Structure formats: C-alpha cells, structure tokens
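Engineer: Can you keep this structure in mind? I'll have questions shortly.
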Amino acid sequence: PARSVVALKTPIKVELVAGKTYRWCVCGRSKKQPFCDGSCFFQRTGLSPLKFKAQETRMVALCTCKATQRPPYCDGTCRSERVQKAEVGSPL
Ligand code: FES
Ligand code: FES
C-alpha cells in the first residue's frame with residue numbers, strides 16, 4: 001500500500017460512546033482527523049481504516065501522527081523528536 005503520512009503532531013481528544021463503531025484513520029490523509037473520511041479509498045492508497053467499537057463511554061486521545069505502537073490510541077510516540085521534527089503530510 002501507500003506509505004502513511006503524519007497528519008498532525010498532537011493527538012485529538014474524543015468522547016467515545018459505548019456501543020458506537022468508529023473508523024480510525026490509519027493513512028494520515030483524512031481531512032476529518034482522527035477518523036476516516038474515505039481519502040484512503042478515493043486516492044487508492046491500498047490502506048483502510050481501523051474499525052473499532054467503543055466498549056465504554058470515556059474521553060480518549062486518538063493518534064494523528066499515525067506512528068503510535070498501540071493504535072488507534074496515542075501512546076506518546078508523537079512526543080519523540082522524530083515526530084515533532086516531521087513535516088505534516090510527509091511519511092515519518
Ligand atoms: S482516510 Fe485515512 S484510513 Fe480512511
Ligand atoms: S498522536 Fe500519534 S502517538 Fe500521540
């Protein structure tokens with residue numbers, strides 16, 4: 001598939017709703033971060049979003065740099081110098 005790209009360099013906090021299905025953007029191209037807007041498909045990247053169903057209602061931080069080791073969640077990899085020096089829209 002295409003390489004993923006860094007969409008942003010800070011996570012987005014979202015209130016997840018128990019029982020609701022979400023589609024995390026894995027490719028970095030969505031203009032509705034942190035979730036998929038179909039860009040993965042329209043641009044024929046070969047990538048597709050990480051579908052997940054929230055088990056509890058709570059605030060979470062979803063990854064926008066797309067380099068987390070625990071997708072879909074922010075694990076602080078964005079805090080590395082590698083990500084903070086990256087250019088948005090480019091691969092890490
Ligand atoms: S827009 Fe990125 S995974 Fe769909
Ligand atoms: S935004 Fe990607 S690890 Fe924090």
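We name chains A, B, ... following the order of the structure tokens; residues begin at 1 in each chain, and ligands are numbered from 1 as shown.
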Select from chain A every residue with an atom at most 8 Å from any atom of ligand 2, then for each give the shortest pair of atoms and their distance in Å to one decimal, using only C-alpha atoms and all ligand atoms, rows by chain and rising number, as a tab-separated table.

Structural biologist:
```
residue	atom	partner	partner_atom_place_in_ligand_line	distance
A:8	CA	ligand 2	1 (S)	7.1
A:9	CA	ligand 2	1 (S)	5.8
A:10	CA	ligand 2	1 (S)	4.8
A:11	CA	ligand 2	1 (S)	3.9
A:12	CA	ligand 2	1 (S)	7.4
A:61	CA	ligand 2	4 (Fe)	7.7
A:62	CA	ligand 2	1 (S)	6.5
A:63	CA	ligand 2	1 (S)	3.7
A:64	CA	ligand 2	1 (S)	4.4
A:65	CA	ligand 2	2 (Fe)	4.0
A:66	CA	ligand 2	2 (Fe)	5.0
A:67	CA	ligand 2	2 (Fe)	5.2
A:68	CA	ligand 2	3 (S)	4.0
A:69	CA	ligand 2	3 (S)	7.4
A:73	CA	ligand 2	3 (S)	7.0
A:74	CA	ligand 2	4 (Fe)	3.8
A:75	CA	ligand 2	3 (S)	4.5
A:76	CA	ligand 2	4 (Fe)	4.4
A:77	CA	ligand 2	3 (S)	4.1
A:78	CA	ligand 2	4 (Fe)	4.2
A:79	CA	ligand 2	4 (Fe)	6.8
```

Engineer: Neighbouring residues of residue A:90 were defined as those with any atom within 10 Å, considering only C-alpha atoms; residues of the same chain fewer than 6 positions away were excluded. Please report them as a list in words.

Structural biologist: residues 3, 4, 5, 6, 7 and 28 of chain A

Engineer: Selection from above, C-alpha atoms, as a PDB file, in the first residue's frame, can you write it?

Structural biologist:
```pdb
ATOM      1  CA  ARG A   3       3.158   4.909   2.920  1.00  0.00           C
ATOM      2  CA  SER A   4       1.230   6.510   5.762  1.00  0.00           C
ATOM      3  CA  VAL A   5       1.821  10.200   6.420  1.00  0.00           C
ATOM      4  CA  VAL A   6       1.894  12.364   9.553  1.00  0.00           C
ATOM      5  CA  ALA A   7      -1.474  14.167   9.738  1.00  0.00           C
ATOM      6  CA  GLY A  28      -2.856  10.213   7.613  1.00  0.00           C
TER       7      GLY A  28
END
```

Engineer: Please report, as a PyMOL selection string, each residue of chain A to which DSSP assigns helix (DSSP H, G or I) when run on this structure's backbone.

Structural biologist: chain A and resi 39-42+77-79+81-84

Engineer: Per DSSP on the backbone, filter chain A down to the residues in strand (DSSP E or B) and report them as a PyMOL selection string.

Structural biologist: chain A and resi 12-16+21-24+35+50-53+58-62+73

Engineer: Taking only C-alpha atoms and all ligand atoms into account, name the residue in A:40, A:2, A:16, A:88 that is nearest to ligand 1.

Structural biologist: A:40

Engineer: Neighbouring residues of ligand 1 are defined here as those with any atom at most 9 Å from a ligand atom, counting only C-alpha atoms and all ligand atoms; list them as an MDAnalysis selection string.

Structural biologist: chainID A and resid 4 23:42 45 47:50

Engineer: Only N, CA and C atoms, please: the residues just picked out, written as a tab-separated table (two decimals), in the first residue's frame.

Structural biologist:
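What ended up in out_30.tsv:
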```
chain	number	residue	atom	x	y	z
A	4	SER	N	2.04	5.56	5.01
A	4	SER	CA	1.23	6.51	5.76
A	4	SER	C	1.98	7.83	5.92
A	23	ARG	N	-14.04	4.47	13.02
A	23	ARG	CA	-13.08	4.09	11.95
A	23	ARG	C	-11.90	5.04	12.01
A	24	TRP	N	-10.82	4.59	12.63
A	24	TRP	CA	-9.66	5.44	12.84
A	24	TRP	C	-8.86	5.59	11.55
A	25	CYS	N	-8.43	6.80	11.24
A	25	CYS	CA	-7.68	6.97	10.01
A	25	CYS	C	-6.26	6.44	10.22
A	26	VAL	N	-5.90	5.43	9.43
A	26	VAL	CA	-4.55	4.88	9.53
A	26	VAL	C	-3.58	5.55	8.55
A	27	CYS	N	-4.09	6.18	7.50
A	27	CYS	CA	-3.25	6.60	6.37
A	27	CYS	C	-2.71	8.03	6.51
A	28	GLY	N	-3.25	8.83	7.42
A	28	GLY	CA	-2.86	10.21	7.61
A	28	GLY	C	-3.47	11.23	6.67
A	29	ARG	N	-4.36	10.83	5.76
A	29	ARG	CA	-4.85	11.73	4.73
A	29	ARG	C	-6.24	12.30	5.03
A	30	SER	N	-6.99	11.73	5.95
A	30	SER	CA	-8.32	12.24	6.22
A	30	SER	C	-8.25	13.72	6.59
A	31	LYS	N	-9.21	14.49	6.07
A	31	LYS	CA	-9.38	15.87	6.49
A	31	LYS	C	-10.35	15.99	7.67
A	32	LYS	N	-10.79	14.86	8.26
A	32	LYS	CA	-11.61	14.88	9.47
A	32	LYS	C	-10.92	14.07	10.57
A	33	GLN	N	-9.67	14.41	10.84
A	33	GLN	CA	-8.88	13.66	11.79
A	33	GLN	C	-9.62	13.66	13.12
A	34	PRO	N	-9.54	12.57	13.90
A	34	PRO	CA	-8.67	11.37	13.76
A	34	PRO	C	-9.32	10.23	13.01
A	35	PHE	N	-10.47	10.47	12.40
A	35	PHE	CA	-11.27	9.42	11.80
A	35	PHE	C	-11.19	9.46	10.28
A	36	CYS	N	-11.51	8.32	9.67
A	36	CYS	CA	-11.51	8.17	8.21
A	36	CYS	C	-12.64	8.97	7.55
A	37	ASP	N	-12.30	9.65	6.46
A	37	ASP	CA	-13.26	10.31	5.59
A	37	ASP	C	-13.26	9.72	4.19
A	38	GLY	N	-12.63	8.57	3.99
A	38	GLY	CA	-12.63	7.91	2.69
A	38	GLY	C	-11.46	8.24	1.79
A	39	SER	N	-10.59	9.18	2.20
A	39	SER	CA	-9.44	9.54	1.37
A	39	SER	C	-8.59	8.33	1.03
A	40	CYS	N	-8.45	7.40	2.00
A	40	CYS	CA	-7.72	6.15	1.76
A	40	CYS	C	-8.21	5.46	0.50
A	41	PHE	N	-9.53	5.55	0.23
A	41	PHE	CA	-10.17	4.88	-0.90
A	41	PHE	C	-10.13	5.73	-2.16
A	42	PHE	N	-10.44	7.03	-2.03
A	42	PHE	CA	-10.51	7.92	-3.19
A	42	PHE	C	-9.16	8.06	-3.86
A	45	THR	N	-5.05	4.23	-1.96
A	45	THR	CA	-3.82	4.01	-1.21
A	45	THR	C	-3.54	2.53	-0.93
A	47	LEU	N	-4.76	1.28	1.67
A	47	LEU	CA	-4.96	1.25	3.13
A	47	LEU	C	-6.45	1.34	3.41
A	48	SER	N	-6.84	1.00	4.63
A	48	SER	CA	-8.23	1.11	5.01
A	48	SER	C	-8.30	1.33	6.52
A	49	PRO	N	-9.37	1.96	7.03
A	49	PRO	CA	-9.35	2.44	8.42
A	49	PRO	C	-9.46	1.29	9.42
A	50	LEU	N	-8.95	1.54	10.62
A	50	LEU	CA	-9.00	0.57	11.71
A	50	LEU	C	-10.37	0.69	12.37
```

Engineer: Mind checking which residues fall within 9 Å of stretch 53-59 of chain A, counting only C-alpha atoms, ignoring those fewer than 2 positions away in the same chain, and posting them as a list in words?

Structural biologist: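 With the cut-off at 9 Å, the set is residues 13, 14, 15, 16, 17, 18, 19, 20, 21, 22, 23, 51 and 61 of chain A.
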
Engineer: Would you work out the distance separating atom CA of residue A:52 from atom CA of residue A:1, expressed in Å to one decimal?

Structural biologist: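 Here the two named atoms are 21.1 Å from each other.
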